[PDB]
């Protein structure tokens, strides 16, 4: 099973990724998680993203494409994977097709622009695992702590109001066109496309995705 999650920043993609991963027993390929990890570890492949992410801009297609190629070549992706934040531009989507990476489902998470800053100001993360929380809308079971490891949650450095605004501009400029791109792929019978209302509570979005996936 191969799935792409599409949506504006803060739409809920990473939150629902956890539930899809357990359903199909497939790993999550999160380019945001991988770029942040490369910066933290100083890995030659990806540390370049530090200044770009801080400015709210997109990392070069060339750099992310190489990160994903390396990741999906490993044994745990042999029987499927979940793409979460990739592709983010048309050239990234074209690179997947040129490389013969078809997918079974493309799932669009729709959230109005006006809700996005509130979602990100309350976002707290557990960087080692990628788990995501929200202090109001989806809080940890213990305040400030990861549910699984008990480690103190952090706030992403790019989760500031002004940076999220810039991310939203970049999304509409370069990423939103992927909705039409993959809608046409579905019209041609190359994948399945579905849109969900991301303003519903987390558990209701999860149930809506269950009905689409079966």
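Numbering follows the first chain given and starts at 1.
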{"query": "Entry-level comparison of average CA B-factors, 72-80 and 127-135, reporting the higher stretch", "finding": "72-80"}
{"query": "Higher-B stretch (mean Cα B-factor, as the entry records it), 83-91 or 139-147", "finding": "139-147"}
{"query": "Identity of residue with top Cα B-factor, from 202, 21, 11, 196", "finding": "21"}
{"query": "44, 187, 33, 170, ranked by C-alpha B-factor: the highest one", "finding": "187"}
{"query": "Residue 62, C-alpha B-factor rank within chain (lowest, middle or highest third)", "finding": "middle"}
{"query": "Modelled-residue ranking by C-alpha temperature factor, third containing residue 3", "finding": "middle"}
{"query": "Residue 113 by Cα B-factor - lowest, middle or highest third of the modelled chain", "finding": "middle"}
{"query": "Position of residue 51 among the chain's modelled residues by C-alpha B-factor, lowest, middle or highest third", "finding": "middle"}
{"query": "Chain thirds of CA B-factor: placement of residue 159", "finding": "middle"}
